[PDB]
Amino acid sequence: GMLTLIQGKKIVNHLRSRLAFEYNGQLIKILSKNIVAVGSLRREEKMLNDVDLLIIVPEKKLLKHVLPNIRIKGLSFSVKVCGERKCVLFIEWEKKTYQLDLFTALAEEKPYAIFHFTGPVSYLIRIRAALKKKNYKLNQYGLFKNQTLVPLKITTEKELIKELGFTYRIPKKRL
DNA sequence: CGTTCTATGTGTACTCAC
DNA sequence: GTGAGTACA
DNA sequence: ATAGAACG
Ligand SMILES: Nc1nc2c(ncn2[C@H]2C[C@H](O)[C@@H](COP(=O)(O)OP(=O)(O)OP(=O)(O)O)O2)c(=O)[nH]1
Ligand SMILES: [Mn+2]
Ligand SMILES: [Mn+2]
């Protein structure tokens, strides 16, 4: 069920105004500023296996509800797997079935989440390997030295990459 | 000593014993 | 409930 | 990125 970069962007553009979740009866819309395209789509690969969306949820209490009660106005989908942090959907788009992957992160995690979910995997592996040799650990939630969050005065992914000590490259060029 | 090749990470969701 | 183990972000 | 191993 493969698709083009253009089809990818069409769908993401369509979902951007339509994602919401049920929170104890009421239907809360997810805001565009908290929807970030990730994976191969953000890396502008000509062909994609799926669409990967990162949702930034504004508080920890809400994690229990967003993905497990995710809603998409006017589009039929089925749920393959679903937990608080990762959700996989099969959506119907123009009489065709496409795979939509949803992930979640808290605001304090945004740049780590983006850095992780942008990929590619081989780039994650090598960046992390390097940090391990200097006794740091990195993941989707933060940077670490001996079980402790390194507080970093940074907001964007670019700021994080440069803080970590690596060449910043646009997603297309990461490898 | 230099060139080149190779290997490498960290966490989530689900299922199935006991 | 906990923990082993697979599949896979 | 980086470091070890095989090769020159
Ligand atoms: N596949 C995979 N992805 C990971 C892993 N760790 C972090 N990720 C992140 C980086 C990936 O780009 C992102 C989405 O995974 P996908 O498997 O959808 O791959 P991606 O979109 O790069 O390419 P594709 O979907 O294959 O066109 O999740 C991992 O171990 N495996
Ligand atoms: Mn993908
Ligand atoms: Mn994916």
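Chain identifiers are assigned alphabetically (A, B, ...) following the order of the sequence lines, protein sequences preceding nucleic acid strands; residue numbering begins at 1 within each chain.
The side chain to side chain contact (heavy atoms under 4.5 Å, CB included) test applied to A:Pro171 returns A:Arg42, A:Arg43, A:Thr118, A:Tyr168, A:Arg174, not counting sequence neighbours. For the side chain to side chain donor-acceptor pair (under 3.5 Å) test, no residue two or more places apart in sequence or in another chain qualifies with A:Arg126. Residues satisfying the side chain to side chain contact (heavy atoms under 4.5 Å, CB included) test with A:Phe90, not counting sequence neighbours, are A:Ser78, A:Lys80, A:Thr97, A:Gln99.
Both A:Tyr141 and A:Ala129 lie close to DNA chain B; mapped to their nearest nucleotides by heavy-atom distance, the more 5′-ward contact belongs to A:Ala129.
Checked against the 6.0 Å centroid threshold, A:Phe21 and A:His65 do not count as a close aromatic pair. When ring centroids are compared, A:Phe115 and A:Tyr123 come within the 6.0 Å threshold. When ring centroids are compared, A:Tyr112 and A:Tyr141 stay outside the 6.0 Å threshold.
Figure legend: A:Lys86 and A:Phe103 shown without cation-pi pairing, the cationic atom not lying both under 6.0 angstrom from the six-membered ring centre and within 45 degrees of its axis.
Atom-to-atom, NZ of A:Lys137 to P of B:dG11 comes out at 4 Å; the value is rounded to the nearest Å. Distance A:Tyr136 OH to B:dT8 P: 24 Å, rounded to the nearest Å. Between A:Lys134 atom NZ and B:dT8 atom P the separation is 20 Å, expressed in whole Å. The interatomic distance linking A:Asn49 (CG) with C:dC8 (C1') rounds to 13 Å, in whole Å. One can place CG of A:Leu63 at 15 Å from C1' of B:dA13, the figure rounded to the nearest angstrom. Between A:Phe115 atom CZ and B:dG9 atom P there is a gap of 15 Å when expressed in whole angstrom units. As a whole-Å value, the separation of A:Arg128 CZ from B:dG9 P is 10 Å. For A:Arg126 and B:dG9, the CZ to P distance is 14 Å, given to the nearest whole Å.
For B:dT8, the OP1/OP2 oxygens have no side-chain nitrogen or oxygen of A:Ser122 closer than 4.0 Å. Using a 4.0 Å cut-off, some side-chain N or O of A:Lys132 falls inside it from OP1 or OP2 of B:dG9.
For A:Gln140, whose side chain is taken as the heavy atoms from C-beta onward, the closest listed nucleotide among B:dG9, D:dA3, B:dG11 is B:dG11. Closest to the side chain of A:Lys86, out of D:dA1, C:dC8, B:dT10, is C:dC8.
Between C:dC8 and B:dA17, the distance separating the two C1' atoms is 22 Å to the nearest Å. Using atom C1' as the reference point in both C:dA7 and B:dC18, the two lie 22 Å apart (nearest Å). D:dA1 and B:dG11 have their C1' atoms separated by 23 Å, with the value rounded to a whole Å.
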Produce the list of close N/O pairs, under 3.5 Å, pairing protein atoms with atoms of nucleotides 2-5 of chain C; give distances to one decimal.
none

Listing time: all N or O pairs from protein to nucleotides 14-16 of chain B that are below 3.5 Å?
{"unit_1": "B:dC14", "atom_1": "OP1", "unit_2": "A:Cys82", "atom_2": "N", "d": "2.9"}
{"unit_1": "B:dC14", "atom_1": "OP1", "unit_2": "A:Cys82", "atom_2": "O", "d": "3.0"}
{"unit_1": "B:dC14", "atom_1": "OP2", "unit_2": "A:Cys82", "atom_2": "O", "d": "3.3"}

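Contacts of A:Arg169 with the nucleic acid, taken as non-hydrogen atoms under 4.0 Å apart, involve only primed sugar atoms and P, OP1 or OP2.
When each of A:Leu15, A:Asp101, A:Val38, A:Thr104 is tested with A:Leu53 by the rule side-chain contact (heavy atoms from CB on, under 4.5 Å), just one qualifies, namely A:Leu15.
Other members of a hydrophobic cluster containing A:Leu124 are absent, since no ILVMFWY side chain comes under 4.5 Å of it, directly or through relayed contacts.
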Evaluate the criterion salt bridge (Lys or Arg N to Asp or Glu O under 4.0 Å) for residue pair A:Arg169 and A:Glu157; output intermediate values, then yes/no. CA-CA 11 Å; A:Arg169 305 184 186 83; A:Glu157 180 194 45; over 6 Å; no
